[PDB]
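Trainee: Curious how this folds, go ahead:
(chains A, B, C, D and E, ligands or ions: 2)
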Amino acid sequence: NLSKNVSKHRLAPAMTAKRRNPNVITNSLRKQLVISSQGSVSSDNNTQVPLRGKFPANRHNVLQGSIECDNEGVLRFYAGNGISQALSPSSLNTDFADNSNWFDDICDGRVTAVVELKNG
Amino acid sequence: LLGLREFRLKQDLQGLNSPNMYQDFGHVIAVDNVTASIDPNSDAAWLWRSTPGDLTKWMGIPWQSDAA
Amino acid sequence: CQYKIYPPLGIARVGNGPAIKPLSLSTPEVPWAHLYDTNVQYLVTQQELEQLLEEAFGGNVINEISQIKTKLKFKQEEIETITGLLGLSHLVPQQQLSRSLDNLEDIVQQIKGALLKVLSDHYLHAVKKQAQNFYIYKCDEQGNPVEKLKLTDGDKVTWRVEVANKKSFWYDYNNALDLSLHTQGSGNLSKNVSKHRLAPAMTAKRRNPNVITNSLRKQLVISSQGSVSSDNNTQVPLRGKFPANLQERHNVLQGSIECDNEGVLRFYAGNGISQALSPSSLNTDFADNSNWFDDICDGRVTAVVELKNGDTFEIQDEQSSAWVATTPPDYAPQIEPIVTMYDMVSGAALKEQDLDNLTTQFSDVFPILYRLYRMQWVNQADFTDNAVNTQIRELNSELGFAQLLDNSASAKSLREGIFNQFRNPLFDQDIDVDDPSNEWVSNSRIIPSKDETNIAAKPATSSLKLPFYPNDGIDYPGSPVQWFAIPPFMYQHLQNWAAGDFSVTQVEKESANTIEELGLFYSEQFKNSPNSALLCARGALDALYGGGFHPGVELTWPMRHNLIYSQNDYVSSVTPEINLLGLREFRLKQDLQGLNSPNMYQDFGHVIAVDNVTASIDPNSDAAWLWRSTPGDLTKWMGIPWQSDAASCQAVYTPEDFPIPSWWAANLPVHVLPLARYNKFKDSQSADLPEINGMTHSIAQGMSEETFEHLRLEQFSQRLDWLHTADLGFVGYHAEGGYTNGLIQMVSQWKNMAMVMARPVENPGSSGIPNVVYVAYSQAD
Amino acid sequence: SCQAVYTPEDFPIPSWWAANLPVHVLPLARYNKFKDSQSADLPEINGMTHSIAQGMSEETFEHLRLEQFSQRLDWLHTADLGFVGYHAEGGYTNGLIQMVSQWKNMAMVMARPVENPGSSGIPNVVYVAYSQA
Amino acid sequence: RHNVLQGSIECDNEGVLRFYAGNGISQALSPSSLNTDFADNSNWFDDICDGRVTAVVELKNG
Ligand SMILES: [Mg+2]
Ligand SMILES: [Mg+2]
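Mentor: Residues are numbered from 1 along each chain as shown, chains lettered A, B, ... in the order given. Ligands and ions are numbered 1, 2, ... in the order given. There you are, the coordinates:
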C-alpha cells in the first residue's frame, strides 16, 4: 500500500497534532467527550432497538444507529440520521476537520452474537 | 479479479469496558507514538487493538466539514 | 588574543527617526544608568528639529540668500544652490525640498518655516533609532580586556559588517522546539518540561512554501555588507533586495554604519518598513505570513587594526569577533524585563543538577522584585492586582524595606511569604497527575484556547502564582507551562533568600529603607564598576526579553542554550562585595565565512522538528550548522513581519477578569499612563498657571486640599490600553476592531504607538504619587 | 452596538446610552479591595492579609483604596464576548454574535455601602457592577 | 502623492486625434485598504476618466 520511499526520503513529513476540545482538561472530564451506546436484539423479536447516547456524556441525545433482527437470525444495522450539531448555535464549523464544541452521529464498534440451539 | 480474503480486525474483547477506551498520548500525537505502537508490548500498542469509536475517531468533526 | 570587539552581541532597534547622532539613541552600555532620568526624549522633538535646522544655516547661507534678495518666486538655479548649502538631502528627498521653496513668494524666515514644515512632516514625534556602538579593546594574555583602543597618528581601524534576513526563507514559528529536547536541565529550562511532555514541540512547515528547490529559495534571503574606517566618518548604507538577485524587486535598508576618528563603530538599524510583494497580501497571522519581507537583520561584525609601524591585527575569529541583531523598538526603555536575555546567557552556563552549589547575595534577588515592582507602569495587574508589589508598598510606607535584607530567623516568615507566591520553574507544583504515561494537569487557573467548549471548566483549587505572564506552553490548556516562571537558577537564588542562606553587606542595609533608595544604590554600583567592556556586553542584553518565547520580541529560544555560544565564562562580581548577578565574558558561535558560508542556505526539508534539533547537538554532526551562526540566523525564527509579532504581544484574557495576563509588557506595554492624565495630576494646587491639572485656576483653588489631591490620584490611576494609543482598526462608527485588524494596521501604526518616558512630579504633596512617573506619549494623546 | 464610538483622539471616549447599557463600570472585584477600613478585624482586608493591611501607614492604606476605586472596567469585558482565550479575535462582530447568549451574564450595577471611607475620598454610596457572582 | 496616467493623445499630419486610455492601474492610498465592496471603496482611486474634446482649425489664408 505504501512505498518506503515516502518516509525514507521525507517526501511528506507527518505533522504533530493537538487535542480537539483542548479546554476540557484531565482524562476524567474528557470522558464526557465520548458518545457511546449499546443494545441487543434476538431471533424471537424483530422489534428495532435504537442505539442512543448523550453528548456531553455521563445535553443532547445522539442517535448513533438502530439494530433489527429477523426470525432468520440476520442482523440489520442502520446508521444515524446524519445530524451534526454544536453545543452553541454560534459555534460554526469553519475548519475542514477540527471544530471544537461539535458532535456528530458517526460511530463504530463491536458486533458479537450468541447462538442458542434447542438441544441446549 | 483481485481475489477473496479472510480478514478480521484486532479487537479489545472488553469493548466499552476496556481500560484503554479512554487512552491518549497527552497534549499532542506524533509519529513517535505510532513508532512506539508497533511493539505489541509497548504502552502504545493499544492503538491497534480497536475499542468502540477507534476506527472513526481520526475523521473530521463534523463529517460535513470533511465532505465540503 | 590581542584585540577584541565589544559588545559581543550588539543590538540596534528600528525607528523612523533619522540615522544621525543628535536625533538617535544608543543601546545602554551601563545597566540601570537611566532608570529615573526624567529628561529622556525617545521621540523626535520640535526643539531637536529646530536646532538641526539652525545648524544648517551659514555656512554663509544668510548672505548667499540675501544676495539674491537684491537680485530679484525663485528659479531652478536659485533653488538648486540654496538647498545645496543646507546639506539636508540625506534627511529628506531633494525634490520635496525644492517643491517646498516653490510655494514661496524675512525671506530667510519664509525659507526656515517652509523647511521646518517638511522636516516636521517627516520626523516630528518619530520613533528614534537605537543605535549600537561597537568598541575595540586591547587585551592581555588570557584575553582580559584592559582599555579601549587609543588611535595615534598613523593608526587605522577598518570595520566590516555583513548582515542578512532569512525570515521569509525559514520555517513557521508554532512554538519553541527545545520544549521536547531531551536534557539534563539548565539554569534556564527544567528537564521536567521535556521529560513529562508539558509543552510538546510542534512540527513547522516552510514559509513561502510555493517557492521550491534550494536554488530558487535563495531569492528569499535579503543580505548586504559594508565597510567603514577611522579615516572617513561618512555613513554607509547596508542595502539589500527582495527578492534577491520580470521580477518586481524592492530595495531593503537593513542598516547603516558609521566610524569616527577614534575607531568606534556606530550601527543603525533600518527604518522599520515591512511590505508584501502584492498590496492585497495582508499579514493575518501573528508570525508566518507568506509574500512578506521586513528590514530586520543580524550578522557578523569584524575589524582589522592597522598600526603605524606596520603591525596588522585581524579581529576575525569567534572569540574576538562580534554580532549585531536588529529588533523592534523598545516602547518603555526604562522598564526592564523581569527576566532578561543576559539572564539567559547566565543560566545557560549552569546545569540544573548543580543549582545547589549556587551562592546567593541579596543583590541577586533584588532585581526580580525591583523589576516586578516597576512593571506597574506598563501592566495593570502589577499596579493593582499583584500582592507582592502591594506588600513592597507597605514596607516602603514605613521605611521598612530593609527587613527583606535580614537573613535571620525573625524575618524568615516575611521572606517566605513573598517567595511562596512565585511560580516554581520545575512546573511540578499545583498539579494533579493523571495515571501516576503520566500527564501533569494544573489545578490552578488555565488560559483557555479561543476554541470554546460549552462544558463547565474544572474549578481551580490552587492560587495563581507570579508572575502573571504567559509562557512557551500557552498552546496547551492545563499545562503548568502556560504561565511564566523565573528560570531555575533565579528561582534558586529566591529559594536561598527565603531560607536565610544569603549574604548582604551592612552598607546595603543602610540604603534599603525603600526599594527605590536601594535601586539607586545598586545603580551607582554599576556606574562605578571599572569593567566597561563587560558592562557594555551586559547592557546590550539587559533591556532584551528572556522569555517567554512564542517566539518573543527580539530573539528567541536558541539563545537560552549554551550550544549557541563559543564562550560563556563567569569573570567577576559587579563590585568586589556586590554580585548583582555578575559579569560574564561570552561570545556567539560564528561561521567565519559569513555570507559565503556553504551553510548559508541550509534547511531540513519540508518541515523542521525537534528531531532536527536533537541531531544538531553533536558539533561534528551534519546538523551542527544550526548553531554556528551565519548572518540572518538569530532573527530568522521571529515573526514576519515583526509588526504581526508585536500586535500579538499583548493581553491574553481569561474568563476571570483579573489579573489580566500580559506577554512582554516591559518592551511592548499593555496598560500605560497617558500624557493626557499626566497633565491632570502633574500640578500642585499652588501652581502659578491659568489652568491647573486640566481645571481653571479658579476651580482648582476653590476646592479643598484633600479633594484636589484625591482628583490627582484618580487621574494617576487611569491606565489606557496601549493598543488604543493609535488607530489599530477600532476608530470610527462601526469600526470592527479586533485582533486581526491590529495585525494589519500595526504595519503602518507601529511608529505612532505610545512611547513610555520618565517624567517629574515636582510637588506630589500627600497625594501618593511618586516624584518620578512613567508617561506614555503618542499623538493620540 | 450601544457602547463606545472611538475617535482618533483618546479622550473623552464617546458613549451611546451608558445609563442603561454601561460602558465603564466599577467591578465587584475592586469594591472588595476598597470597601474595608484599616481597623477591620478580618484575616483579609481589601485583598491584603491582615498583617500587611495594618502594617502600612494610614495615608498609604487610603491611597490604595482610592486607586482601586478608580479602576473602571469596560462593560463589554464583564462576560466572554469573543475576546477570551489565546488568539481570540474579539472585535465588534463577535460582540454582536456572543451577546445573544451572553446578555444575561453582563455586569449589573447596584448601589452598595462603604461604611467607613475615612479620608480616602470614596463616597459612602458607590455603584458596583456584579457579574457571574 | 500618486501619479495617475489618465490617457495619452496623438495627432497625425492628416489632423486626426487618437486618444489612448490609461494602463488600468487602481490603487489605495494605503496597502491595507482593501476594495471589499462592489462599487464604493474609500481611499481608492483609479485611472478612468472622461472629459471635453475641442479643436481649432487654422487655414493657410489665416
Ligand atoms: Mg522596556
Ligand atoms: Mg439606568
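Trainee: Would you point out which residue of chain A is nearest chain D?
Mentor: residue A:90 (5.1 Å; CB to the nearest CB). C-beta here means a position set from N, CA and C on the backbone, and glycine is covered the same way.
Trainee: Could you pull up phi and psi at that residue?
Mentor: phi -80, psi -10 (degrees, to the nearest 10).
Trainee: All the strands of chain A, in order from the start?
Mentor: A:17-18, A:49-55, A:60-69, A:75-79, A:85-86, A:102-103 (DSSP state E).
Trainee: returning to what we had before: leaving out chain neighbours, which residue sits closest to the residue of chain A closest to chain D?
Mentor: In space, and not counting its chain neighbours, residue A:90 is closest to residue D:97: 5.1 Å by CB to CB, 6 or more residues apart in numbering or on different chains.
Trainee: What about that neighbour, how many residues nearby?
Mentor: As a burial measure, residue D:97 scores 16 neighbours (other CB atoms under 10 Å in any protein chain shown).
Trainee: Tell me if I'm right that it and residue D:82 touch.
Mentor: Yes: shown here, residue D:97 and residue D:82 form a contact pair, counting by CB atoms under 8 Å, at 6.9 Å.
Trainee: Just the helices from chain A, written as ranges.
Mentor: A:5-8, A:27-30 (DSSP state H).
Trainee: can you list the ones you listed in TSV and add distance to ligand 1?
Mentor: Below are those laid out as TSV (distance: least, CB to the ion, whole Å):
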stretch	distance to ligand 1
helix A:5-8	47
helix A:27-30	40
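Trainee: got a list of what the closest residue to ligand 2 within chain A touches?
Mentor: Per CB to the ion, residue A:90 is where chain A lies closest to ligand 2, at 27.7 Å. By CB atoms under 8 Å, 6 or more residues apart in numbering or on different chains, the residues touching residue A:90 are D:97-98, D:100-101.
Trainee: at 10 Å instead, please
Mentor: Residues in contact with residue A:90 (CB atoms under 10 Å, 6 or more residues apart in numbering or on different chains) are A:101, C:452, D:82, D:94, D:97-98, D:100-102.
Trainee: for residue A:110, same thing?
Mentor: By CB under 10 Å, 6+ apart, the contact set of residue A:110 is A:38, B:9, B:11-16, B:18, B:50-52.
Trainee: right, and the pair among these with maximum separation?
Mentor: A:38 and B:9 (18.0 Å; CB to CB).
Trainee: which residues sit in contact with the residue nearest the centre of chain A?
Mentor: With distances taken as CA atoms, centre = their mean, the residue of chain A nearest its centroid is residue A:107 (2.1 Å). By CB under 10 Å, 6+ apart, the contact set of residue A:107 is A:35-37, A:51, A:53, A:62-65, A:79-80, B:52-53, B:55-56.
Trainee: Ligand 1 versus that one, what's the distance?
Mentor: From residue A:107 across to ligand 1, the span is 55 Å (CB to the ion, to the nearest Å).
Trainee: Got phi/psi on that residue?
Mentor: Dihedral angles (degrees, to the nearest 10) for residue A:107: phi -160, psi 170.
Trainee: How about the one 5 residues further on?
Mentor: With angles defined as degrees, to the nearest 10, residue A:112 shows backbone torsions of phi -130, psi 170.
Trainee: One more: the one 5 residues further on?
Mentor: Phi and psi for residue A:117, reported as degrees, to the nearest 10, are phi -90, psi 160.
Trainee: Test my guess that residue A:115 contacts residue A:43.
Mentor: Yes: if you go by CB atoms under 10 Å, residue A:115 and residue A:43 touch, sitting 9.5 Å apart.
Trainee: Now do the shared contacts for those two.
Mentor: residue A:73.
Trainee: residues contacting residue A:20?
Mentor: Contacts of residue A:20 by CB under 10 Å, 6+ apart are A:30, A:33, A:97-102, B:57, B:61, C:451, C:453.
Trainee: ok, now residue A:51?
Mentor: Residue A:51 is in contact with A:36-39, A:62-67, A:77-80, A:105, A:107, A:109, counting by CB under 10 Å, 6+ apart.
Trainee: cutoff 8 Å now
Mentor: When contacts are counted by CB under 8 Å, 6+ apart, residue A:51 is found next to A:37-39, A:63-67, A:107.
Trainee: how close does it get to chain C?
Mentor: 23 Å (CB to the nearest CB, to the nearest Å).
Trainee: what pairs with that residue across the strands?
Mentor: residue A:65 (DSSP bridges).
Trainee: do the same with the one 4 residues further on
Mentor: Each beta-bridge partner of residue A:55 is listed here: residue A:60, as defined by DSSP bridges.
Trainee: can I assume it is in contact with residue A:36?
Mentor: No: applying CB under 8 Å, one finds residue A:55 not in contact with residue A:36, separated by 10.1 Å.
Trainee: Which single residue of chain A ends up nearest chain E?
Mentor: Closest point on chain A to chain E, by CB to the nearest CB, is residue A:94, at 18.8 Å.
Trainee: List phi and psi for that residue.
Mentor: phi -90, psi 0.
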